[PDB]
Amino acid sequence: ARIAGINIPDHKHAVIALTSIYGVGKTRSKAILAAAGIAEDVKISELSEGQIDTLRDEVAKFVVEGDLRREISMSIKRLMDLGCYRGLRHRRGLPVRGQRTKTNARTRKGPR
Amino acid sequence: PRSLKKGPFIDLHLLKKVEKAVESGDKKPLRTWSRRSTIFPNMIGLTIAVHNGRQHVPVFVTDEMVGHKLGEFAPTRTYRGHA
Amino acid sequence: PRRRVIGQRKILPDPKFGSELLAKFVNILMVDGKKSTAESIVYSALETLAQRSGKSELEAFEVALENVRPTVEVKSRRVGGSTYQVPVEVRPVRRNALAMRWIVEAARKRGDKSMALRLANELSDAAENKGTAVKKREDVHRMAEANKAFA
Amino acid sequence: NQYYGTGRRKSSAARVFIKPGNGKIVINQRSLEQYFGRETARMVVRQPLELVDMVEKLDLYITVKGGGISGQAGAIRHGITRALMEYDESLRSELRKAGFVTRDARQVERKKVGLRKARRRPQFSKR
Amino acid sequence: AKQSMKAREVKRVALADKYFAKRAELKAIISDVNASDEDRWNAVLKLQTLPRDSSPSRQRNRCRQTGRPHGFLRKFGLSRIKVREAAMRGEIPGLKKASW
Amino acid sequence: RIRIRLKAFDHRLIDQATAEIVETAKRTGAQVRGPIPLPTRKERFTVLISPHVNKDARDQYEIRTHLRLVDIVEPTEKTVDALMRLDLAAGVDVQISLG
RNA sequence: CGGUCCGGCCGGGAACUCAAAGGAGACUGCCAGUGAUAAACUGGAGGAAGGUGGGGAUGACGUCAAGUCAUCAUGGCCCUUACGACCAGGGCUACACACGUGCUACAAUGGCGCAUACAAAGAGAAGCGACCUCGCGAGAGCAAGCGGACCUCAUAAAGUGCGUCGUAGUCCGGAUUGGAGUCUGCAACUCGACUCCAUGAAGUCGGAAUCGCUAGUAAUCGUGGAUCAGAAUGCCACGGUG
Ligand SMILES: [Mg+2]
Ligand SMILES: [Mg+2]
């Protein structure tokens with residue numbers, strides 16, 4: 001099936017399949033299934049087909065792939081435009097939470 | 001952080017100075033020496049020269065800074081590249 | 001040790017059936033103090049091998065070990081930085097120990113659904129001289145016997 | 001009846017109260033199977049009554065209390081031996097002729113200052 | 001054992017042992033939710049212009065005899081270098097070298 | 001009903017202190033329960049004996065604390081006075097409980 | 001042995017485990033070989049332990065103008081209206097880099113979750129802080145007992161029986177990121193930790209080199225202790241497996 005605009009694999013468990021959405025981790029995937037009435041030990045196949053569209057409607061209760069992408073982009077751009085410490089450490093490629101960019105800025109500076 | 005019910009930490013004197021500025025209607029910058037003080041919504045529309053030891057750096061406080069510390073806008077180190 | 005020359009220590013009699021060979025196999029197959037699961041795996045594999053070969057478990061294990069049993073250790077007694085190794089005959093105890101260590105190492109080398117299945121599959125090959133143990137024995141013996149002029 | 005022993009091993013300590021009748025081993029209230037998981041251990045605590053033949057002719061009742069399966073599993077044996085000896089004493093031989101009469105003193109050394117695990121030493125920075 | 005630092009520490013005790021009741025009651029009031037916002041704000045504003053160096057958790061525990069600012073021990077109130085010479089001379093009722 | 005907790009560091013003197021009260025009770029009364037030694041408390045401390053820089057010079061010391069109980073269940077008219085009129089030796093500490 | 005609310009609750013007791021005080025106790029003491037008719041070494045017998053029974057402090061004359069006048073004292077120079085002294089804000093925590101050490105992972109002995117088990121030793125009154133009401137979670141409110149073989153920290157895990165996943169940047173790996181509160185100390189932008197929702201990096205046993213261990217030790221798992229308002233992968237200890 002294709003839930004939330006992405007063709008989730010059919011031959012995987014429902015939790016893992018719905019975890020592929022950009023905006024859900026390993027907890028919201030269980031929570032949505034618990035709140036909508038879907039088991040955590042079945043594949044996309046061997047499941048109600050109307051439940052697919054019910055889940056497609058349910059995943060709109062919070063942020064989604066495009067919504068999360070645009071939210072992150074607008075937050076970063078707002079920080080850059082405001083120009084605080086957050087923006088200064090964001091549009092330079094360095095950690096902003098006070099990490100030492102001396103010997104362990106190694107996936108902010110990239111490989112050397 | 002601080003407890004939700006304790007309240008902000010605006011200074012005795014800073015509040016008096018901003019009250020003077022807001023009913024006098026003066027455009028001159030108000031210099032402040034405090035660095036761990038919070039921000040109040042009544043300062044929107046004023047220029048605050050905050051002191052960090054080097055220069056009284058100006059802040060033209062927007063309507064987008066109330067719930068944080070005014071000192072986040074003024075770093076103290078001087079570095080924009082190794083070379 | 002230069003002056004302190006010690007003997008050989010004694011191990012538990014492996015009360016599952018009772019065999020020093022089995023006890024040594026268990027205590028060399030186990031790692032990270034997981035002797036319980038190591039024993040479960042090795043005993044399941046040996047019980048499967050018993051039916052798979054038609055003989056008794058202990059006899060089938062002993063003959064499989066003998067069929068892949070090596071004879072020469074290739075040690076490094078060179079006088080210095082220059083490469084000068086030497087093959088020598090192996091004492092029976094270290095021979096059996098090295099053979100079963102090679103068996104348990106091939107068990108880890110070849111992967112399958114479970115380590116019990118890997119052990120069973122590799123023992124089913126060491127029974128008719130196949131797998132990895134016999135290949136390693138041949139590969140060590142060829143280079144240990146090709147160098148005879150060096151004493 | 002009650003011939004008693006006090007097995008010890010690692011930081012453990014047993015208390016066997018052998019008597020005459022039929023297996024019925026029972027440890028710390030639970031029965032053997034229930035108490036000891038690692039089936040291995042469920043054999044150390046039956047080894048002595050095997051070198052004799054009272055596996056099914058005597059009773060028992062233990063209550064070990066210290067350590068872990070690690071060695072509680074063993075203290076039973078020692079004891080089951082000390083008390084087996086007090087059943088007839090002619091058994092002293094076979095039981096010593098099997099290692100079941102010695103108390104292993106193997107303890108656990110102390111982290112010494114500078115080392116990091118009793119013996120292991122901080123890696124040395126080459127030159 | 002700097003003389004300048006040996007007076008600030010005693011001031012931080014001679015002033016912190018006086019504001020105990022007011023600070024305790026203020027902490028209790030601002031910690032109990034059953035209070036009023038204006039009263040809590042006035043209380044915290046009054047507390048903050050109290051002398052800064054009179055706070056309880058604003059003085060580092062200083063050694064008694066030598067005033068070493070590191071390695072202060074609660075049991076003896078002395079640093080390691082002085083407790084060594086004390087226990088070695090034998091003035092500490094029970095301090096013997098040990099061996100577990 | 002009445003008991004004394006003796007706290008000391010020396011077993012060669014806490015025993016004398018215990019004797020000096022148990023014999024006093026058995027003299028001006030009876031019905032004693034003897035000295036009950038509680039598990040002694042040992043507190044260990046590792047101390048660096050390096051003045052400026054040596055992260056290897058350590059000394060491992062320990063402080064002992066020996067505790068004993070002397071309870072006289074049945075007191076007479078003289079037991080409490082005899083055990084309180086004592087000229088207690090220095091070093092030892094007494095915690096007396098008269099419930 | 002008895003009542004028994006099935007709990008040692010007490011009635012009782014000092015055989016035991018435990019609690020602290022005094023001791024017996026392994027000394028080549030023995031039998032045999034070797035060795036110089038020695039010392040000793042090797043076996044075996046008793047023994048709980050055997051050859052030092054097993055671990056720790058105790059560091060011999062001296063070597064390194066070895067290291068600290070920054071614990072401290074200290075003979076000389078020294079500043080005496082400042083090198084003495086005053087508090088607030090920063091910075092000791094930063095950075096194109098290279099290095100000692102360790103934690104964290106490479107995934108089928110491995111992660112996901114549900115019964116279920118066994119430790120020692122510790123710290124506690126400006127304290128340790130049981131319950132309970134709550135919070136997906138940190139902890140909020142109310143709050144018993146206890147200078148403690150009494151109460152707390154503290155349902156320890158690895159183990160075990162099930163299920164489950166199936167070899168994939170992985171339901172591995174948990175870092176960076178936006179925001180949220182919480183502990184905490186007047187105040188966490190520089191600069192705490194905890195939390196859980198969300199992005200889910202790197203990395204897939206790593207050259208030359210190189211270090212640690214000879215037995216309850218390597219190796220793994222968790223707990224405890226001191227510093228201190230909180231802020232341990234560092235330090236010191238403790239036992240389980242083995
Ligand atoms: Mg002997
Ligand atoms: Mg502090």
# chains A, B, ... in the order shown; residues from 1 in each chain; ligands from 1

call {"tool": "interface_residues", "arguments": {"of": "chain E", "to": "chain F", "cutoff": "6 Å", "atoms": "only C-alpha atoms", "output": "JSON, numbers by chain"}}
result
{"E": [80, 94, 95, 97, 98]}

call {"tool": "write_last_selection", "arguments": {"atoms": "N, CA and C atoms", "output": "short mmCIF file (atom, residue, chain, number, x, y, z; two decimals), in the first residue's frame"}}
result
data_model
loop_
_atom_site.label_atom_id
_atom_site.label_comp_id
_atom_site.auth_asym_id
_atom_site.auth_seq_id
_atom_site.Cartn_x
_atom_site.Cartn_y
_atom_site.Cartn_z
N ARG E 80 44.17 16.46 51.44
CA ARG E 80 44.91 15.20 51.46
C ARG E 80 46.32 15.37 52.02
N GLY E 94 42.16 6.47 65.31
CA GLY E 94 41.78 5.23 64.63
C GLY E 94 42.31 5.14 63.21
N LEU E 95 43.12 6.10 62.77
CA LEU E 95 43.55 6.06 61.36
C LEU E 95 44.82 5.22 61.23
N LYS E 97 47.14 2.56 58.57
CA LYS E 97 47.24 2.16 57.15
C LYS E 97 46.39 0.91 57.02
N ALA E 98 45.78 0.67 55.87
CA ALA E 98 44.88 -0.49 55.83
C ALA E 98 45.25 -1.52 54.78
#

call {"tool": "closest_atom_pairs", "arguments": {"of": "chain D", "to": "chain C", "cutoff": "12 Å", "atoms": "only C-alpha atoms", "output": "tab-separated table"}}
result
residue	atom	partner	partner_atom	distance
D:37	CA	C:36	CA	9.8
D:38	CA	C:36	CA	6.4
D:39	CA	C:36	CA	8.1
D:40	CA	C:36	CA	7.3
D:41	CA	C:36	CA	9.6
D:42	CA	C:15	CA	10.3
D:43	CA	C:15	CA	7.0
D:44	CA	C:15	CA	8.1
D:45	CA	C:15	CA	11.2
D:46	CA	C:15	CA	10.1
D:47	CA	C:15	CA	8.1
D:48	CA	C:15	CA	11.7
D:50	CA	C:15	CA	10.7
D:51	CA	C:15	CA	11.8
D:69	CA	C:36	CA	11.7
D:70	CA	C:33	CA	10.7
D:98	CA	C:13	CA	10.0
D:99	CA	C:12	CA	10.1
D:100	CA	C:12	CA	11.6

call {"tool": "atom_distance", "arguments": {"atom1": "atom CA of residue 61 of chain E", "atom2": "atom CA of residue 14 of chain E"}}
result
14.2 Å

call {"tool": "residues_near_ligand", "arguments": {"ligand": "ligand 2", "cutoff": "8 Å", "atoms": "only C-alpha atoms (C1' of nucleotides) and all ligand atoms", "output": "PDB file with C-alpha atoms (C1' of nucleotides), in the first residue's frame"}}
result
ATOM      1  CA  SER E  57      25.771  27.619  47.679  1.00  0.00           C
ATOM      2  CA  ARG E  58      28.220  30.348  46.670  1.00  0.00           C
ATOM      3  CA  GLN E  59      31.252  29.419  48.815  1.00  0.00           C
ATOM      4  CA  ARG E  60      33.689  26.619  48.034  1.00  0.00           C
ATOM      5  CA  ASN E  61      34.427  24.408  51.037  1.00  0.00           C
TER       6      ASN E  61
ATOM      7  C1'   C G 228      30.040  18.728  45.496  1.00  0.00           C
ATOM      8  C1'   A G 229      24.089  23.465  45.199  1.00  0.00           C
TER       9        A G 229
END

call {"tool": "residues_around", "arguments": {"residues": "residue 47 of chain E", "least_positions_apart": "3", "cutoff": "10 Å", "atoms": "only C-alpha atoms (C1' of nucleotides)", "output": "list in words"}}
result
residues 22, 23, 26, 27, 41, 42, 43, 44, 50, 51 and 52 of chain E; 186 of chain G

call {"tool": "residues_around", "arguments": {"residues": "residue 95 of chain F", "least_positions_apart": "4", "cutoff": "12 Å", "atoms": "only C-alpha atoms (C1' of nucleotides)", "output": "count of residues only"}}
result
14

call {"tool": "decode", "arguments": {"residues": "segment 13-59 of chain B", "atoms": "N, CA and C atoms", "output": "PDB file, in the first residue's frame"}}
result
ATOM      1  N   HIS B  13      16.859  48.601  38.925  1.00  0.00           N
ATOM      2  CA  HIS B  13      17.215  49.672  37.999  1.00  0.00           C
ATOM      3  C   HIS B  13      16.921  49.634  36.506  1.00  0.00           C
ATOM      4  N   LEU B  14      17.050  48.461  35.882  1.00  0.00           N
ATOM      5  CA  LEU B  14      16.729  48.333  34.464  1.00  0.00           C
ATOM      6  C   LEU B  14      15.251  48.609  34.215  1.00  0.00           C
ATOM      7  N   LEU B  15      14.385  48.105  35.098  1.00  0.00           N
ATOM      8  CA  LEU B  15      12.954  48.361  34.977  1.00  0.00           C
ATOM      9  C   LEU B  15      12.656  49.848  35.123  1.00  0.00           C
ATOM     10  N   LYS B  16      13.309  50.504  36.086  1.00  0.00           N
ATOM     11  CA  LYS B  16      13.119  51.941  36.259  1.00  0.00           C
ATOM     12  C   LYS B  16      13.560  52.709  35.018  1.00  0.00           C
ATOM     13  N   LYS B  17      14.710  52.342  34.450  1.00  0.00           N
ATOM     14  CA  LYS B  17      15.205  53.019  33.258  1.00  0.00           C
ATOM     15  C   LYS B  17      14.300  52.801  32.050  1.00  0.00           C
ATOM     16  N   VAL B  18      13.800  51.579  31.846  1.00  0.00           N
ATOM     17  CA  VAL B  18      12.922  51.349  30.702  1.00  0.00           C
ATOM     18  C   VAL B  18      11.575  52.034  30.905  1.00  0.00           C
ATOM     19  N   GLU B  19      11.086  52.112  32.149  1.00  0.00           N
ATOM     20  CA  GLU B  19       9.871  52.877  32.405  1.00  0.00           C
ATOM     21  C   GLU B  19      10.083  54.357  32.112  1.00  0.00           C
ATOM     22  N   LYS B  20      11.237  54.900  32.506  1.00  0.00           N
ATOM     23  CA  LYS B  20      11.555  56.287  32.183  1.00  0.00           C
ATOM     24  C   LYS B  20      11.597  56.498  30.674  1.00  0.00           C
ATOM     25  N   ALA B  21      12.229  55.569  29.955  1.00  0.00           N
ATOM     26  CA  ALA B  21      12.332  55.690  28.504  1.00  0.00           C
ATOM     27  C   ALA B  21      10.956  55.645  27.845  1.00  0.00           C
ATOM     28  N   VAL B  22      10.104  54.713  28.274  1.00  0.00           N
ATOM     29  CA  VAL B  22       8.793  54.564  27.650  1.00  0.00           C
ATOM     30  C   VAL B  22       7.712  55.618  27.869  1.00  0.00           C
ATOM     31  N   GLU B  23       7.783  56.387  28.958  1.00  0.00           N
ATOM     32  CA  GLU B  23       6.900  57.537  29.131  1.00  0.00           C
ATOM     33  C   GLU B  23       7.522  58.957  28.855  1.00  0.00           C
ATOM     34  N   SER B  24       8.805  58.909  28.488  1.00  0.00           N
ATOM     35  CA  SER B  24       9.527  60.105  28.075  1.00  0.00           C
ATOM     36  C   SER B  24       9.577  60.084  26.553  1.00  0.00           C
ATOM     37  N   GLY B  25       9.507  58.907  25.932  1.00  0.00           N
ATOM     38  CA  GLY B  25       9.530  58.807  24.486  1.00  0.00           C
ATOM     39  C   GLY B  25      10.832  59.262  23.859  1.00  0.00           C
ATOM     40  N   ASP B  26      11.952  58.752  24.362  1.00  0.00           N
ATOM     41  CA  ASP B  26      13.270  59.135  23.883  1.00  0.00           C
ATOM     42  C   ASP B  26      13.853  58.038  23.002  1.00  0.00           C
ATOM     43  N   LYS B  27      14.514  58.456  21.924  1.00  0.00           N
ATOM     44  CA  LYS B  27      15.127  57.536  20.975  1.00  0.00           C
ATOM     45  C   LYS B  27      16.588  57.238  21.286  1.00  0.00           C
ATOM     46  N   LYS B  28      17.158  57.864  22.313  1.00  0.00           N
ATOM     47  CA  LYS B  28      18.529  57.577  22.692  1.00  0.00           C
ATOM     48  C   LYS B  28      18.645  56.151  23.224  1.00  0.00           C
ATOM     49  N   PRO B  29      19.760  55.483  22.954  1.00  0.00           N
ATOM     50  CA  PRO B  29      19.968  54.124  23.462  1.00  0.00           C
ATOM     51  C   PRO B  29      20.055  54.129  24.985  1.00  0.00           C
ATOM     52  N   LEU B  30      19.598  53.029  25.581  1.00  0.00           N
ATOM     53  CA  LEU B  30      19.611  52.859  27.029  1.00  0.00           C
ATOM     54  C   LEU B  30      20.692  51.811  27.236  1.00  0.00           C
ATOM     55  N   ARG B  31      21.750  52.179  27.950  1.00  0.00           N
ATOM     56  CA  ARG B  31      22.856  51.242  28.169  1.00  0.00           C
ATOM     57  C   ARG B  31      22.571  50.424  29.413  1.00  0.00           C
ATOM     58  N   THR B  32      22.854  49.124  29.351  1.00  0.00           N
ATOM     59  CA  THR B  32      22.598  48.211  30.454  1.00  0.00           C
ATOM     60  C   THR B  32      23.887  47.424  30.642  1.00  0.00           C
ATOM     61  N   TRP B  33      24.183  47.101  31.901  1.00  0.00           N
ATOM     62  CA  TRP B  33      25.343  46.294  32.255  1.00  0.00           C
ATOM     63  C   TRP B  33      25.000  44.859  32.617  1.00  0.00           C
ATOM     64  N   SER B  34      23.735  44.569  32.911  1.00  0.00           N
ATOM     65  CA  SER B  34      23.342  43.210  33.259  1.00  0.00           C
ATOM     66  C   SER B  34      23.458  42.291  32.049  1.00  0.00           C
ATOM     67  N   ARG B  35      23.854  41.044  32.308  1.00  0.00           N
ATOM     68  CA  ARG B  35      24.006  40.059  31.246  1.00  0.00           C
ATOM     69  C   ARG B  35      23.191  38.792  31.467  1.00  0.00           C
ATOM     70  N   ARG B  36      22.729  38.514  32.687  1.00  0.00           N
ATOM     71  CA  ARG B  36      21.914  37.342  32.979  1.00  0.00           C
ATOM     72  C   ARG B  36      20.445  37.696  33.188  1.00  0.00           C
ATOM     73  N   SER B  37      20.024  38.876  32.739  1.00  0.00           N
ATOM     74  CA  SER B  37      18.668  39.353  32.970  1.00  0.00           C
ATOM     75  C   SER B  37      17.800  38.842  31.828  1.00  0.00           C
ATOM     76  N   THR B  38      16.513  38.662  32.114  1.00  0.00           N
ATOM     77  CA  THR B  38      15.553  38.237  31.105  1.00  0.00           C
ATOM     78  C   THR B  38      14.992  39.461  30.389  1.00  0.00           C
ATOM     79  N   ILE B  39      14.048  39.226  29.481  1.00  0.00           N
ATOM     80  CA  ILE B  39      13.445  40.275  28.667  1.00  0.00           C
ATOM     81  C   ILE B  39      11.962  40.441  28.966  1.00  0.00           C
ATOM     82  N   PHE B  40      11.504  41.691  29.008  1.00  0.00           N
ATOM     83  CA  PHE B  40      10.098  42.013  29.209  1.00  0.00           C
ATOM     84  C   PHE B  40       9.482  42.562  27.928  1.00  0.00           C
ATOM     85  N   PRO B  41       8.198  42.280  27.690  1.00  0.00           N
ATOM     86  CA  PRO B  41       7.566  42.752  26.446  1.00  0.00           C
ATOM     87  C   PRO B  41       7.491  44.265  26.328  1.00  0.00           C
ATOM     88  N   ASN B  42       7.577  44.998  27.435  1.00  0.00           N
ATOM     89  CA  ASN B  42       7.445  46.453  27.369  1.00  0.00           C
ATOM     90  C   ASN B  42       8.665  47.149  26.748  1.00  0.00           C
ATOM     91  N   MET B  43       9.780  46.462  26.496  1.00  0.00           N
ATOM     92  CA  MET B  43      10.940  47.076  25.861  1.00  0.00           C
ATOM     93  C   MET B  43      10.871  47.072  24.341  1.00  0.00           C
ATOM     94  N   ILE B  44       9.811  46.515  23.752  1.00  0.00           N
ATOM     95  CA  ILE B  44       9.694  46.481  22.299  1.00  0.00           C
ATOM     96  C   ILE B  44       9.596  47.906  21.775  1.00  0.00           C
ATOM     97  N   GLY B  45      10.502  48.267  20.878  1.00  0.00           N
ATOM     98  CA  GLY B  45      10.570  49.601  20.332  1.00  0.00           C
ATOM     99  C   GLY B  45      11.661  50.490  20.902  1.00  0.00           C
ATOM    100  N   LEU B  46      12.691  49.919  21.521  1.00  0.00           N
ATOM    101  CA  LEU B  46      13.752  50.698  22.142  1.00  0.00           C
ATOM    102  C   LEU B  46      15.096  50.080  21.784  1.00  0.00           C
ATOM    103  N   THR B  47      16.132  50.913  21.794  1.00  0.00           N
ATOM    104  CA  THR B  47      17.499  50.480  21.528  1.00  0.00           C
ATOM    105  C   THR B  47      18.220  50.324  22.859  1.00  0.00           C
ATOM    106  N   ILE B  48      18.756  49.132  23.106  1.00  0.00           N
ATOM    107  CA  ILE B  48      19.439  48.823  24.356  1.00  0.00           C
ATOM    108  C   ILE B  48      20.899  48.521  24.056  1.00  0.00           C
ATOM    109  N   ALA B  49      21.793  49.309  24.642  1.00  0.00           N
ATOM    110  CA  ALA B  49      23.231  49.099  24.516  1.00  0.00           C
ATOM    111  C   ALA B  49      23.662  48.215  25.682  1.00  0.00           C
ATOM    112  N   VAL B  50      23.857  46.930  25.406  1.00  0.00           N
ATOM    113  CA  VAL B  50      24.208  45.968  26.444  1.00  0.00           C
ATOM    114  C   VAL B  50      25.726  45.848  26.513  1.00  0.00           C
ATOM    115  N   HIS B  51      26.244  45.742  27.733  1.00  0.00           N
ATOM    116  CA  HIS B  51      27.677  45.765  27.978  1.00  0.00           C
ATOM    117  C   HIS B  51      28.207  44.359  28.235  1.00  0.00           C
ATOM    118  N   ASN B  52      29.290  44.019  27.529  1.00  0.00           N
ATOM    119  CA  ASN B  52      29.952  42.734  27.714  1.00  0.00           C
ATOM    120  C   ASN B  52      31.429  42.901  28.038  1.00  0.00           C
ATOM    121  N   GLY B  53      31.876  44.111  28.371  1.00  0.00           N
ATOM    122  CA  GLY B  53      33.270  44.364  28.643  1.00  0.00           C
ATOM    123  C   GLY B  53      34.037  45.017  27.516  1.00  0.00           C
ATOM    124  N   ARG B  54      33.703  44.729  26.257  1.00  0.00           N
ATOM    125  CA  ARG B  54      34.427  45.319  25.133  1.00  0.00           C
ATOM    126  C   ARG B  54      33.758  46.604  24.654  1.00  0.00           C
ATOM    127  N   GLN B  55      32.515  46.496  24.193  1.00  0.00           N
ATOM    128  CA  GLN B  55      31.763  47.634  23.688  1.00  0.00           C
ATOM    129  C   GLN B  55      30.318  47.493  24.138  1.00  0.00           C
ATOM    130  N   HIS B  56      29.623  48.624  24.217  1.00  0.00           N
ATOM    131  CA  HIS B  56      28.188  48.633  24.471  1.00  0.00           C
ATOM    132  C   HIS B  56      27.484  48.281  23.164  1.00  0.00           C
ATOM    133  N   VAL B  57      27.284  46.988  22.930  1.00  0.00           N
ATOM    134  CA  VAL B  57      26.732  46.521  21.660  1.00  0.00           C
ATOM    135  C   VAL B  57      25.244  46.838  21.614  1.00  0.00           C
ATOM    136  N   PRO B  58      24.745  47.379  20.507  1.00  0.00           N
ATOM    137  CA  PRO B  58      23.329  47.743  20.426  1.00  0.00           C
ATOM    138  C   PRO B  58      22.436  46.570  20.058  1.00  0.00           C
ATOM    139  N   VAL B  59      21.235  46.600  20.625  1.00  0.00           N
ATOM    140  CA  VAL B  59      20.183  45.636  20.334  1.00  0.00           C
ATOM    141  C   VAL B  59      18.929  46.450  20.047  1.00  0.00           C
TER     142      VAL B  59
END
